[PDB]
Structures are given as C-alpha cells and as structure tokens.
Amino acid sequence: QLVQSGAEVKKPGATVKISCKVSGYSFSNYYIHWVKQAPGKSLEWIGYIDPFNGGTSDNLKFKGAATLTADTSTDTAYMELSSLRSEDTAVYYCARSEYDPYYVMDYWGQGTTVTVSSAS
Amino acid sequence: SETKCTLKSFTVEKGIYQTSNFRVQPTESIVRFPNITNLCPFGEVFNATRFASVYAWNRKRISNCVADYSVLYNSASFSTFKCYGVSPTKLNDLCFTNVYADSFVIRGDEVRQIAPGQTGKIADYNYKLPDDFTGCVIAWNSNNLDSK
Amino acid sequence: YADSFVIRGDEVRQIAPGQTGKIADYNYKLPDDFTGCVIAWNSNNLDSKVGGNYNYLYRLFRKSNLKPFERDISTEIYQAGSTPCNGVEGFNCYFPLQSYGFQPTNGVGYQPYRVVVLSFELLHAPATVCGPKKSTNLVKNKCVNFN
Amino acid sequence: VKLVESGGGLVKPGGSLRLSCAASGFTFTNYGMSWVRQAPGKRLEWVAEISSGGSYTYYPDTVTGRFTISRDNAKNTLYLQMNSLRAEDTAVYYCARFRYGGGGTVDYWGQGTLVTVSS
Amino acid sequence: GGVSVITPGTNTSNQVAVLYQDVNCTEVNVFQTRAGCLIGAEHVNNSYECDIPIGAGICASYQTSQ
Amino acid sequence: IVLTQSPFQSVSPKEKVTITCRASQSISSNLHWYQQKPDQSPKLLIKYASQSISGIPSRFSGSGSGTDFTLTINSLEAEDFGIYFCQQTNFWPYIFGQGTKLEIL
Amino acid sequence: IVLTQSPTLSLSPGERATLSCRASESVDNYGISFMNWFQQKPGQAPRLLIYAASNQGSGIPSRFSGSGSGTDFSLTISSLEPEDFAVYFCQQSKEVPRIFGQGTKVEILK
C-alpha cells in the first residue's frame, strides 16, 4: 500500500515537492511510477523513478520540471513540481510497478491534487 | 541639475553644454559556451546491423562525436530509456567532454542485471555497473531482427 | 577592533587582504582594501592538547565566497548532489563545517595559530581611542607642529 | 631523511647519562622528535614526545620513566637524559621523526641504540 | 549619443532642451538635426538671429508662454 | 504509440459490450487495462492483455489480435461500470489512451 | 588507554592476515581518525604502515590493507611473501601514553 500527502494548492513559479511512502513491500524490490490525471481527462505518465538508484526519466510530450529523487533507506518516492501550469493542476498518483519492462501499475497512492491559483 | 553638477555651480550660464553621455543598454544577456562535444553519426550507432554478445561486449568511446538525445526522444522506440542525475532535456543540452558506449544483447529480464549496484547472473559475470551512475541506459526490444 | 579565531599556521597566510585561500573563500574573509594588522602566535602549547578538543571549527564548504568581514554560522548540509539533503547528512551531501583537528606535537607549519584582526577608522573620526602620546601644553600665536 | 645516534653506553646504576640523536635532511624546528625504548624480547615503550616549537617534556601516566628530553634547534640534535638508571630501565632506544598532524604523526626512525646499566 | 543640454540662464528660465549627438530620436518637441536628434525644442519655419548654437545651421532661442 | 480506444459507452447492461483499443501503426504485443472509479485511484484490470491477475471477477475479458485489443466486458451490470483506461508499455513514453467512460441503461 | 594484541598467529603465503588489536577503554576517539600500524623486521628498525589511511598512503604495497572499529582494529593482508612477515604493532593515540602491541610473530612452516 502507498500513502501520499494531502491535497495541496500553490501559486505559479513556486517550487513544490510531494511524497509517497511505500508499505508492505521493500522500496528497492518494486519500481515507482508517477502518473498525473487531469480532471475529466486522459491519464498522463509524467515520469518513472527507479527506487534503488536515483533516476530522472520524464515524458518529453510536456515538461513539468518533475525532478525525481529516490532513497532506498527512506522507502519514500519524491516528485518535485516547479513552474506550476494549468496542466500541473491535476491529480498526481504514485503507483506500484514491476522491476521489469512490463511496467504494470496496479497499486496506487490516494491521488493528490496540486491546484494552481493566482493566490494560494 | 546635470548641467549644474558638471559646472560645479548652482547658477547656469546661457549656452549649450555636454554634461552626460547616453549609451543604449542591452535588454537581455545571451550566453554561448565554446563547443566541446564535437560531431559524429549518432543515428548510425543505433542503426548498426549487429550488436556484440554480452559476455564480450564491444566498447566504443563517444569522444569527438555528437551527443544528441533529442532524436532518441522523438523516435520513442526504446523499451526502457532510464536517465540519471539530471532531467533528460538538461543532460541533452549540456556538452559532454567524454562519454563511454557499451554494446551488448541481453533478454528484457536480463537488462535489470545491467543496472547500478544490481546483483544478478548477467551482473556478476557478464558485465557490471557502478552503484553511483550518472549515465543514461538505453534498451530497445530487438525481437523483430535478432530472433529467428 | 579585536577579532579572535582559530587557524593552522599555513592557513594564516591564506587570510590576508588581496590573498586567495580555501580558508579565505569560506570560513573567514579579509578585505583587500582593509587597513590594519593581523597578529598570529603559535597556540601549540595551549590550544593543541592530548585531549585534542574539536571545539574549533572551520567551513569546508560554502555555497558562495564569503563577503569581506562577513560571518556565516549556517550549519545546513550543502546540497552538492542533485538529491536534496533534507537537513540531514546523505549520499552526495557534505556538512558545511568540518571540525578542526590539532596535535600537541604538531609541526610549526601545522601548529594551531591564534589570529587577531585589527581595523582602524583613523582620520575623519572623533578620537575615542588614543595612543599614549603624552600630551604637551598647546601653544598658540606661534608657528609650531601640532598633533 | 637521515637520523643519526649515539652508540651504546655503559654507566653504573644510580647515575645519569646524556644521549644524543643528530637529525639531518629536515629542519629540526619543522618536525618533532621523540624517544622510544624497546626491552629485548618485549613490546616497545613510548617514554615521551616533544612539540616542534618547544620541549613538550611529557611524562607517562602511572609508572614514570623519569627520563628528560630536550631539543636544540641550532644543534639539530635530540637530547635524552636518564636518571635513577635501572636494569628494568635498560631497553633499545630509538629516536623517531614526526610528520604533519593526522592519525599517528611519525614516520622516520633512528636505527636504535643499546643501553647498558651495569656495574 | 552624447547628451548636450541647451539651457537659457537659470534666472531667465528653468526650461531645458536635450540634444543627442549622431542618433535618431527613436533610440532615446520633435526635430532632427545633422548634429543629432533634438528634444525639448519645437521647429519654427521663420528664421531668427542665433541665440544658442545647437550646430549644423540650427540655433535655439526662448520665444513665445516663451 | 497514440491510442484512441473508445470515447464512452451507452448500451443496455448484461451484454457482451466491447471496447476497441485503437493502437498506433507501431504494434506492441504487451498492454494493460485499468478500471477507474469517480475520484478513485484506478487499478489495473487486464495484465498483458491476456493473463488474469488475482482478484478480478471474470466479467470482462481481454481478447486482441496484433496491435488491436478488445476488452469485451461480458454481462456487465449497473454495479461495475466506471471509466476504463488502456495502457501501452512498448514505446518509451508509456502513453495512455482517451479511455472509455462506461455508461449503461 | 591500555591495549593488548593476539598472543600468537602463524601463517603461510597467499593467506590474508588479520590480527586482533584489543583496545581497552574507549573505542577509537571522537575524531575517528586515530590508531597506527607498525612492522619490525630483524636488523631493520620498525616502519609506518597505515594509520587509518589518513595520509601518506603511497610507499606501501596496496596488498596491505585493513580498517578499524570499536575495541579491535581489523588487520588485512593478501598474497603475503615468506620474507615479509614481521611482528605488527598497533600503537594507540589521542588518549594517555600511546603504548604499543604485545607482539605476534608469523611463523610460516615448510
């Protein structure tokens, strides 16, 4: 089971970091996938992060400045969002992944909205 | 007042005096660094007809050859393209003084053994990657050509 | 002004106006235009001890070069690596301050040196502080040297 | 780089003797000098260490050798004086050169010299 | 462009005219002279005896309110 | 690797209702399918488009030829339908299709 | 403050030597950059080996190695040569008189 932070809101051009602790399995054994779904819109895979060794692989369709940092001891996956945009105003979900090229995702975080507003 | 300051006297005599110099000021600053990567056919290495076996992988040094991952993002033909240390656009823009390329063929499950600090049959005797790795690992399915 | 601080004998050379050193860059900076005298005396007899106390400290890593006569007391871990330190020591994260290590029998080059920096405003300032300069009766209506 | 010594010596017990250790290849002020005595078929004993600036004259905790160590920078010679000489006191004596501060602070050796405390 | 200030006596007036040497008015009461762009002065077709020498056959005077 | 499976659904329940993964010209044997509920973190239903993972009632099967895949929801009722997203894993940016907002009488 | 060494160990070429440096009182020091190693050959006055690899690593064969922790510093050697054995000493540092190892002599057979 995965657990993310609560729902959040922030102004444009700020720097934000969200989290997702892993429970019931070793952090290194299963990869973490970050998926962003816009409300009433198709799921978008922002990036995938390797838990054992810090990895920064991101989708090139759009850039959300999503830096990914992973520490095996912490057991927590960290996603950093900067230059917040209307696309960035979407639910963000961490996701359990295979440690192999199949990359099936079936266990998730609660899903966290990161609202973008003129005033937070 | 500029005329008074140049004269050094509050009273100003009738006449025309040059008391200041005007220069247009740049709206923005543009910075370009001396090119260091060099140039090469990056696409040909990916398009190579045959790849060496994992037990004796061929090593080609990407030195004095272009570093371009923009085409790699556009192709999107790689089953796994993990990147390390920095965001993929940021490494693509940065010039790399020396890069090292290792070419080998492995199963999709076997590719995990070739990862930083990873222990496996393919990681213990076929080849090994250091626990701290800033390099990006590129893997693509080759079932159409390699399998017969 | 009396400035009291700890540095190795080789390090004392680094702390000079117009002089660039690792000690000058991070823990302590001396102004290039600064006017005064820097006095260093060996503290091997007192500061160095069998105990070798680590109370003396210096800044191994600073995000920016120290401005002249400016003090940095920040203990936040330096984020050399892309991964955030999170306020704790981590891989690719190095503590800004490194504890000084000193030896009782240390060589003159490695001997701990107590260093005092003196700054004087001098001319154009009322004389709150004065040299002993025993004062001599003022003389007026005659051409005489005056101090 | 080269450390010289006195040769062996014979003194009646109860007296004193002055011992020498010439130092060459480095400035005497730059590197500290210490005296170590090893009894034959026994572990070495570190009598004292000397600070480069001035003689440390350290004395061991519990049992004390009572040997006095003095350094003359101009001479470049390490000097050891031993009082209340005893058969137990007798040991091979080596003068050793210190380096920059770190874990142990000593690298070079005098080859060592016998002690005869005897009638 | 060098900034040349055309100023009448301070007691007479505080009004000032700014001339920029060898530059168009766009780089910076609009007139263009061979010496350079002229600001703070309004061109008059009528010819008057020179009071202050702007240069290039152009002169400045305080005239009508003035 | 763009997918355009099925805009949404409007059909009597209890029927064998198919949602048709429209894959891009590039073909990938591997895929996945996930069930989404309103403001609920979805969960993958169909693993590899042919194998069943533990904990799925067999109401919806996944049968496909080559690039094209169909998730035939057999005898679906008014208890199960929500959104159903397709997933593609072969191409580097593992894109997700528009997805089917299943609705029924 | 007071230190002891293994009573004896005798070894053979190719073997990886670890001798027990037994430290009473505190384990190392607050600095954690202390302790030393020494080798006394016959007719050859002793010599520095490795002092936690703080400095002067060059000059010693890298086959020499080890580390330390707690009350016992870990000696390490690999591929020893039958002429290279001599008593190893682990002098203490930073607390009280340094003192020295009891002394263990390697005695290859054959």
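All residue numbers here begin at 1 and follow the chain in the order shown.
So this one's electron microscopy, 3.6 Å, going by the header.
Cβ from N, Cα, C; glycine included.
These come from Swiss-Prot:
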REGION    B:23-39  region 'Disordered'
CARBOHYD  B:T27  O-linked glycosylation site
CARBOHYD  B:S29  O-linked glycosylation site
CARBOHYD  B:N35  N-linked glycosylation site
DISULFID  B:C40-B:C65  disulfide bond
CARBOHYD  B:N47  N-linked glycosylation site
DISULFID  B:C83-B:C136  disulfide bond
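Features per Swiss-Prot, on structure.
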residue : record                      : DSSP class
B:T27   : O-linked glycosylation site : coil
B:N35   : N-linked glycosylation site : coil
B:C40   : disulfide bond              : coil
B:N47   : N-linked glycosylation site : coil
B:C65   : disulfide bond              : coil
B:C83   : disulfide bond              : coil
B:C136  : disulfide bond              : coil
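Using a 10 Å radius centred on the Cβ of B:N35 (N-linked glycosylation site) and all shown protein chains, the other Cβ atoms total 9. Under 8 angstroms separates no C-beta among the recorded positions B:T27, B:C40, B:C65, B:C83, B:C136 from a C-beta of chain C. Other Cβ atoms within 10 Å of the Cβ of B:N47 (N-linked glycosylation site), summed over all protein chains shown, number 8. For the pair B:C65 (disulfide bond) and B:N35 (N-linked glycosylation site), the Cα-Cα distance reads 12 Å. The disulfide-bonded residues examined here are B:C40, B:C65, B:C83, B:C136; by Cβ neighbour count within 10 Å, the least packed of them is B:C40.
If you measure from the Cα atom of B:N35 (N-linked glycosylation site) to that of B:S29 (O-linked glycosylation site), you get 19 Å. All protein chains considered, the CB of B:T27 (O-linked glycosylation site) has 5 other CB atoms within 10 Å. Cα-Cα distance from B:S29 (O-linked glycosylation site) to B:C40 (disulfide bond): 31 Å (rounded to the nearest whole number). In the shown protein chains, 5 other C-beta atoms lie within 10 A of the C-beta of B:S29 (O-linked glycosylation site). When the alpha carbons of B:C83 (disulfide bond) and B:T27 (O-linked glycosylation site) are compared, the span between them is 36 angstrom.
For chain A, the nearby recorded positions by a Cβ gap under 8 A, listed in sequence order, are B:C83, drawn from B:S29, B:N47, B:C65, B:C83.
The Cα of B:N47 (N-linked glycosylation site) lies closest to that of B:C40, out of the recorded positions B:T27, B:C40, B:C136.
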